[PDB]
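Visitor: structure for the following, please:
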Amino acid sequence: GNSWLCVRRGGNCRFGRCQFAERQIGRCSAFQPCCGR
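Guide: Numbers count the residues shown, from 1 in each chain. Let me share the structure:
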């Protein structure tokens, strides 16, 4: 997806994966998932 959409939702784009206490809501880039925290 688009990184800004995720960031503007309030999510963060992390490297590779995110924490288990957080969830992947999409993908900002190939190696950066949109993580909803």
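Visitor: so residue 6 sits against residue 29, correct?
Guide: No: with contacts counted by CB atoms under 8 Å, residue 6 stays clear of residue 29, the gap being 10.1 Å. In this view, the C-beta of every residue, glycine as well, is placed from N, C-alpha and C.
Visitor: identify the contacts common to the two.
Guide: Taking CB atoms under 8 Å, 6 or more residues apart in numbering as the criterion, residue 6 and residue 29 both touch residue 13.
Visitor: looking at these two, which is more packed in?
Guide: residue 6 (22 against 12; other CB atoms under 10 Å).
Visitor: mind checking the SS state of residue 24?
Guide: Classification of residue 24 by DSSP: H, G, I helix; E, B strand; the rest coil places it in strand.
Visitor: what is the neighbour count of the closest residue to it other than its chain neighbours?
Guide: If you skip the residues right next to it in sequence, residue 24 has residue 33 as its closest partner in space, 4.5 Å away by CB to CB, 6 or more residues apart in numbering. Look at residue 33: counted by other CB under 10 Å, it has 24 neighbours.
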